[PDB]
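Colleague:
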Amino acid sequence: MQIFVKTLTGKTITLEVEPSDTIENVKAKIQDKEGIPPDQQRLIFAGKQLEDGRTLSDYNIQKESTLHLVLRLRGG
Amino acid sequence: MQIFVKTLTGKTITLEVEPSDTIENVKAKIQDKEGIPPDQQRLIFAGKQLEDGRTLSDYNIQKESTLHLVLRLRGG
Amino acid sequence: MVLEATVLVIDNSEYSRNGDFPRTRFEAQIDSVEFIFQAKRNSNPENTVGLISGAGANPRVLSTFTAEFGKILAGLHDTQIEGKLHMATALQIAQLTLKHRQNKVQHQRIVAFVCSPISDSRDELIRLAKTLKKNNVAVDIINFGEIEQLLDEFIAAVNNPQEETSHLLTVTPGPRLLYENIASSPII
Amino acid sequence: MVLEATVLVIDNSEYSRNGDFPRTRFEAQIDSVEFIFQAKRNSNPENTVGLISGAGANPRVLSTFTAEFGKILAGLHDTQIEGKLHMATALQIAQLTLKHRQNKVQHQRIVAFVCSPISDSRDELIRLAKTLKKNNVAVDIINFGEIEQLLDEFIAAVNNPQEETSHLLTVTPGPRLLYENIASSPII
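Residue numbers (the authors' numbering), protein chains in the order written: chain U, 1 to 76; chain U', 1 to 76; chain A, 1 to 149, 153 to 191; chain A', 1 to 149, 153 to 191. A prime marks a further copy of an entry chain.
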């Protein structure tokens, strides 16, 4: 299974995942495509916000779904 | 003399001004082109910020110069 | 569907005029009010909806509860982009409006758009959230433009567990307009 | 031109990765450090420049004063996008660095990029500004990305009237890169 990540800059990168993958794993796959650590990652799909430890089966994420990546801002 | 105003949305509108016009006047000319009141206007040209009561001769603004309009945010 | 009085609060703050949500975040919000009204109205003929500018210099009631599309439209024209968003105040006047909704069999719901940085305290907002929950009001925030979620902790606070009535919509600039994303959301 | 030691502070905060300033605000800032260094260096062979990450979890000195392009480059590689911008702290370590600049005939100057919302108080920043002025340090802020000016009131405070050494550059996303806008600025 392959899925999509659209950053705010419109760049869509493709990832290879299978439906049981944790979001925390997806954020690591996203890290080695874009060089941004998971503690800086926030994932938005279907209007909701993807949570760590939940998996993509949980969110009914399926082939060619497009995830949105925005800045997870911590202490600001 | 005609000049240019580029909003953050890339829309460039053209205004007819003469070199002695106050900035506070330009912001009114900008108001009736774009429906945004001067107390909400901030003007950026040559890296500096255009001040009310100064005129365009003051800033050495000349024909086809491009002004940038950004939000003047007050109480936030 | 369900019989309810709902209050739409819009962010009319200086942030409302922006490219990212076509045509502008404000206008996005207008098409959204129109859609949402026409929706709630046809899920049950007895629904009635209200409108609240949530910014400016003091949140104000633009229209009381109606079935009338004309006075939603009259209240929608005659508001203005200006000021900053006063969230907790807006939420207070929304709650005050719902308490006095005619026909008390109507479930209470407020739907609010936030396209601004939230000036209010997290504490005031959480108190307010717990209060709202206690008074049996459900809340839907629409979160676009600057996306900061506080909002997650708010909806967390205000949600009624045994009937899950309170949703957060986080939406990013994109191909679809804002009202479409709202149509497909759990706010339906 | 003028003999001076200058310190470059960069905003390496999570805001640094952004589309609006190509390629990213961080990278904008790297090309800018390179340019600025190579510039100051050729206005006078005696100039020396330093580098400071101004974000992360605690502003840190990436390179001490040099004429050496290699260790500006070595210090520029080995920083990271992370954390929030701690402005007044960054300004403190910049000032501490300048006091101890070898060759005290060098006029003192700090040049700082702010692409983040400023978490610091206006009061701390104004105190800091008055202090800086008192210690005969000149300051150039580069203001891009989120443009909030506080910065105007800061540069107002810190500027030395009788020799006007302190400039604010407010720059908007556009056709030219950030380093070009900096080349044409009064920071030259």
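Cβ atoms here follow ideal geometry from the backbone N, Cα and C, with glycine treated the same way.
Sort A':153, A':136, A':128 and A':113 by Cα distance to residue 185 (chain A') and report the nearest one.
Modeller: Position 182 of the fourth sequence, counting from 1, holds the residue named residue 185 (chain A'). Taking only the C-alpha atoms, the option nearest residue 185 (chain A') is A':113.
Colleague: Residue 70 (chain U') and residue 48 (chain A'): beta carbons closer than 8 Å?
Modeller: Translated into the one-based positions of the second sequence, residue 70 (chain U') becomes position 70. Translated into the one-based positions of the fourth sequence, residue 48 (chain A') becomes position 48. No, the Cβ-Cβ distance between residue 70 (chain U') and residue 48 (chain A') is not below 8 Å.
Colleague: Considering just the uninterrupted stretch of the beta strand (DSSP E) at residue 6 (chain U), what are its terminal residues?
Modeller: To locate residue 6 (chain U), count along the first sequence from 1; it is residue 6. Run containing residue 6 (chain U): 2 to 7, per the beta strand (DSSP E) assignment.
Colleague: In angstroms, rounded to a whole number, what distance separates the CA positions of residue 19 (chain A) and residue 144 (chain A)?
Modeller: Taking the first residue of the third sequence as position 1, residue 19 (chain A) is located at position 19. Taking the first residue of the third sequence as position 1, residue 144 (chain A) is located at position 144. The straight-line gap from Cα to Cα measures roughly 13 Å.
Colleague: Could you please tell me which residues of the stretch 156 to 181 of chain A', in chain order, have their CB closer than 9 Å to any CB of chain U'?
Modeller: So the close ones are 170, 171, 172, 173, 174, 175, 176 and 177.
Colleague: Give the range of the alpha helix (DSSP H) segment to which residue 45 (chain U) is assigned.
Modeller: Position 45 of the first sequence, counting from 1, holds the residue named residue 45 (chain U). Note, residue 45 (chain U): premise wrong, no alpha helix (DSSP H); beta strand (DSSP E) at 41 to 45.
Colleague: Sort A':109, A':167 and A':148 by Cα distance to residue 173 (chain A') and report the nearest one.
Modeller: Within the fourth sequence, residue 173 (chain A') is the residue found at index 170, counting from 1. Among A':109, A':167 and A':148, the Cα nearest to that of residue 173 (chain A') is on A':148.
Colleague: Output yes if chain U' places a C-beta closer than 8 Å to the C-beta of residue 45 (chain A); else output no.
Modeller: If you number the third sequence from 1, residue 45 (chain A) lands on position 45. No, because no Cβ of chain U' sits closer than 8 Å to the Cβ of residue 45 (chain A).
Colleague: If residue 89 (chain A') sits next to residue 61 (chain A'), beta carbons under 8 Å apart, how far is it from one beta carbon to the other, in whole angstroms?
Modeller: Residue numbering aside, residue 89 (chain A') sits at position 89 when the fourth sequence is read from its first letter. Residue numbering aside, residue 61 (chain A') sits at position 61 when the fourth sequence is read from its first letter. Between residue 61 (chain A') and residue 89 (chain A') the Cβ distance is about 12 Å, and since that is not below 8 Å, they are no contact.
Colleague: In the DSSP assignment, what are the bridge partners of residue 61 (chain A)?
Modeller: Residue mapping note: residue 61 (chain A) aligns to position 61 of the third sequence, counting from 1. A:52.
Colleague: Take residue 2 (chain A) as the anchor and find which of A:34, A:161, A:122 and A:138 has the nearest alpha-carbon.
Modeller: Position 2 of the third sequence, counting from 1, holds the residue named residue 2 (chain A). That would be A:138, whose Cα lies nearest to the Cα of residue 2 (chain A).
Colleague: Show which residues of chain A have a CB atom less than 7 Å away from the CB atom of residue 15 (chain U').
Modeller: The residue given as residue 15 (chain U') occupies position 15 in the second sequence. The contacting residues do not exist; residue 15 (chain U') stays about 19 Å from chain A at best.
Colleague: Looking only at C-alpha atoms, which of A:91, A:171, A:99 and A:136 sits nearest to residue 124 (chain A)?
Modeller: Here residue 124 (chain A) refers to the residue found at position 124 when the third sequence is read from its first residue. Out of A:91, A:171, A:99 and A:136, A:91 has the C-alpha closest to the C-alpha of residue 124 (chain A).
Colleague: For residue 50 (chain U) versus residue 30 (chain U), is the C-beta spacing smaller than 8 Å?
Modeller: To locate residue 50 (chain U), count along the first sequence from 1; it is residue 50. To locate residue 30 (chain U), count along the first sequence from 1; it is residue 30. No, these two residues do not count as a Cβ contact at 8 Å.
Colleague: With a Cβ-Cβ cutoff of 8 Å, do residue 94 (chain A') and residue 9 (chain A') count as a contact?
Modeller: The residue labelled residue 94 (chain A') in the question sits at position 94 within the fourth sequence. The residue labelled residue 9 (chain A') in the question sits at position 9 within the fourth sequence. Yes, the pair counts as a contact, with Cβ atoms nearer than the cut-off.
Colleague: Do residue 6 (chain U') and residue 68 (chain U') come within 8 Å of each other at the CB atom, strictly closer than that value?
Modeller: Sequence index remark: in the second sequence, residue 68 (chain U') carries index 68 (1-based). Sequence index remark: in the second sequence, residue 6 (chain U') carries index 6 (1-based). Yes, these two residues count as a Cβ contact at 8 Å.
Colleague: I need the DSSP call for residue 63 (chain U'), collapsed to helix, strand or coil.
Modeller: To locate residue 63 (chain U'), count along the second sequence from 1; it is residue 63. Correct three-state label for residue 63 (chain U'): coil.
Colleague: Check whether the Cβ of residue 12 (chain U') lies closer than 7 Å to any heavy atom of the ligand MG, and answer yes or no.
Modeller: This structure does not include the ligand MG; it has no bound ligands of any sort.
Colleague: Within the same chain, show all residues whose beta-carbon is closer than 7 Å to that of residue 130 (chain A), passing over the 5 residues directly before and after it, in chain order.
Modeller: For the purposes of this step, residue 130 (chain A) is taken as residue 130 along the third sequence, with counting starting at 1. Answer for residue 130 (chain A): 160, listed in chain order.
Colleague: How long is the line joining the alpha carbons of residue 166 (chain A) and residue 142 (chain A), rounded to whole angstroms?
Modeller: Taking the first residue of the third sequence as 1, we reach residue 166 (chain A) at position 163. Taking the first residue of the third sequence as 1, we reach residue 142 (chain A) at position 142. So the two alpha carbons sit approximately 20 Å from each other.
Colleague: For a quick check, are the C-beta atoms of residue 64 (chain A) and residue 72 (chain A) less than 8 Å apart?
Modeller: As a first step, residue 64 (chain A) must be located in the third sequence, where it is residue number 64. As a first step, residue 72 (chain A) must be located in the third sequence, where it is residue number 72. No, they are not a contact pair.
Colleague: Grab me the residues of residue 34 (chain U')'s own chain with a C-beta within less than 6 Å of its C-beta, minus the 5 sequence neighbours each way, in chain order.
Modeller: Along the second sequence, one-based indexing puts residue 34 (chain U') at 34. Nothing meets the Cβ criterion.
Colleague: Considering only residues of the same chain and omitting the five flanking positions on each side of residue 101 (chain A'), which have a CB-CB separation below 8 Å?
Modeller: Counting from one through the fourth sequence, the residue named residue 101 (chain A') turns up at place 101. Around residue 101 (chain A'): 5, 48, 65 and 108.
Colleague: Tell me the residue span of the beta strand (DSSP E) that contains residue 135 (chain A').
Modeller: For the purposes of this step, residue 135 (chain A') is identified with residue 135 of the fourth sequence, where counting begins at 1. No beta strand (DSSP E) holds residue 135 (chain A'); DSSP gives it neither H nor E.
Colleague: For the beta strand (DSSP E) that residue 108 (chain A') lies in, which residues bound it at each end?
Modeller: Stepping through the fourth sequence from its first residue, residue 108 (chain A') is reached at position 108. 107 to 114 is the span of the beta strand (DSSP E), which, as asked, contains residue 108 (chain A').
Colleague: Just to confirm before moving on: does the CB-CB distance between residue 153 (chain A') and residue 116 (chain A') stay below 8 Å?
Modeller: What you label residue 153 (chain A') is simply residue 150 of the fourth sequence in a count that begins at 1. What you label residue 116 (chain A') is simply residue 116 of the fourth sequence in a count that begins at 1. No, the pair does not count as a contact, with Cβ atoms beyond the cut-off.
Colleague: Whose C-beta lies closer than 6 Å to the C-beta of residue 52 (chain U') among residues of the same chain, with five residues either side of it excluded?
Modeller: Along the second sequence, one-based indexing puts residue 52 (chain U') at 52. Same-chain partners within the cutoff: 23 and 24.
Colleague: Using a C-beta cutoff of 8 Å, does residue 47 (chain U) count as contacting chain A?
Modeller: What you label residue 47 (chain U) is simply residue 47 of the first sequence in a count that begins at 1. It does; some Cβ of chain A falls within 8 Å.
Colleague: List the DSSP bridge partners of residue 48 (chain U).
Modeller: As a working note, residue 48 (chain U) is residue 48 in the first sequence. According to DSSP, which records beta bridges pairwise, residue 48 (chain U) is partnered with U:45.
Colleague: Roughly how many whole angstroms lie between the Cα atoms of residue 51 (chain A') and residue 41 (chain U)?
Modeller: The count along the fourth sequence starts at 1 and reaches residue 51 (chain A') at position 51. The count along the first sequence starts at 1 and reaches residue 41 (chain U) at position 41. So the alpha carbons of these two residues sit roughly 28 Å apart.
Colleague: Might you give, ordered along the chain, the residues of its own chain that have their beta carbon closer than 7 Å to the beta carbon of residue 128 (chain A), omitting 5 neighbours on each side?
Modeller: By 1-based counting over the third sequence, the position of residue 128 (chain A) is 128. So the list reads 88 and 91, once near-sequence residues are dropped.
Colleague: List, in order along the chain, the chain A' residues whose C-beta lies closer than 9 Å to that of residue 83 (chain U')?
Modeller: Absent from the structure is residue 83 (chain U'), since the part of chain U' shown begins at 1 and ends at 76.
Colleague: Taking the beta strand (DSSP E) that residue 5 (chain A') falls in, what are its first and last residues?
Modeller: Taking the first residue of the fourth sequence as position 1, residue 5 (chain A') is located at position 5. Element bounds for residue 5 (chain A'): 4 to 10.
Colleague: What first and last residue would you give for the beta strand (DSSP E) that runs through residue 15 (chain U)?
Modeller: The sequence position of residue 15 (chain U) within the first sequence is 15, counting from 1. 12 to 16 is the span of the beta strand (DSSP E), which, as asked, contains residue 15 (chain U).
Colleague: Short of 6 Å in beta carbon distance, which residues of its chain neighbour residue 12 (chain U), apart from the five on each side in sequence? Order them along the chain.
Modeller: As a working mapping, residue 12 (chain U) is identified with position 12 in the first sequence. Excluding positions up to five away in sequence, the list reads 4 and 6.
Colleague: May I ask you to list, following chain order, the residues of the stretch 14 to 48 of chain A that have a beta carbon less than 9 Å from some beta carbon of chain U'?
Modeller: Correct list: 14, 15, 17, 18, 19, 20 and 24.
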